[PDB]
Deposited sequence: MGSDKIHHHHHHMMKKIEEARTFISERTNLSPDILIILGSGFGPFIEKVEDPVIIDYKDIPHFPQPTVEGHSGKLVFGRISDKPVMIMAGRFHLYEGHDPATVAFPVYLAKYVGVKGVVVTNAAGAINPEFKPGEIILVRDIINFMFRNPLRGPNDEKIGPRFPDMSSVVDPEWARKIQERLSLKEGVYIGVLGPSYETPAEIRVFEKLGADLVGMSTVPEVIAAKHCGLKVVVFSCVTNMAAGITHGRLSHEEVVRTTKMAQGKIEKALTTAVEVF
């Protein structure tokens, strides 16, 4: 594991000397804004399971995952997490995880960006299962404060986004109204199929975390023109969220 990380790191190092401070995990508007972009295809990167883009956003050096991994694709949880460990050793200090989510909270609207304040793991998989390298992180990571209080406060002082709890589920089929009523009872505001594994990895290796959700739809039980409109709304709202997060870090 540590050998795989080193191998991938060396590969990257030979293509960019950037010392990025922030990893950004995305599923145009924002990527197109990156300054002096260096692109590295996932297909060329040792031990990867898409493209990494390195460069600067508001003068700050960043590493962007243009494309991410999901347990519904068949990936082992550790594979999903590996790019995050790679980021740590390339030198990042924080991770912005974005996701697409169904709104369980009826006050949320499709197209909105929600600051995720906490997570629930309903995937019942964990990238840490198996023997642990204490050089990478502890056996039993504290998940008492997943979202960095200061980072979120500085972001919120600028953007004043809605906040919500995110529940991660395996997918790939969507949820039933019965399932969604369960999640509502259990306190979730948003449901998606990503985020949890990479957030667990990030906390493990000691990175700071913020998470944004883009509401793609109201969850089950709760026009193409409308998907067009909401897709446009989210793109520009997420660009501002992401830029703010980079700038205040």
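Mapping the modelled residues onto the deposited sequence reveals missing stretches at 1-12, 40-42, 65-72, 246-250.
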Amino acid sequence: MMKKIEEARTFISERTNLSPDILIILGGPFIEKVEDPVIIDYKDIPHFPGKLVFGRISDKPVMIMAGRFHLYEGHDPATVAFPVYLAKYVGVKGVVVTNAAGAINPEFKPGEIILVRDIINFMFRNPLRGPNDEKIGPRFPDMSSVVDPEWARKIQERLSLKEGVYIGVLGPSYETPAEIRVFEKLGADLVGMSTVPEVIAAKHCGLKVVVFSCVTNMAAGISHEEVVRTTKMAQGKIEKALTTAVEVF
From here on, numbers count along this sequence of modelled residues.
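The deposited model assigns a higher average Cα B-factor to 30-38 than to the other stretch when 206-214 and 30-38 are compared. The residue among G91, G168, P172, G102 whose C-alpha carries the highest B-factor in the deposited model is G91. Residue-level temperature factors show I222 in the highest third of its chain, judged at the C-alpha atom. Among all modelled residues in its chain, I25 ranks in the lowest third by Cα B-factor. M2: CA B factor lies in the highest third for its chain, per the PDB record.
Residue-level temperature factors show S19 in the highest third of its chain, judged at the C-alpha atom. Remark: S160 belongs to the lowest third of its chain, ranked by C-alpha B-factor as recorded.
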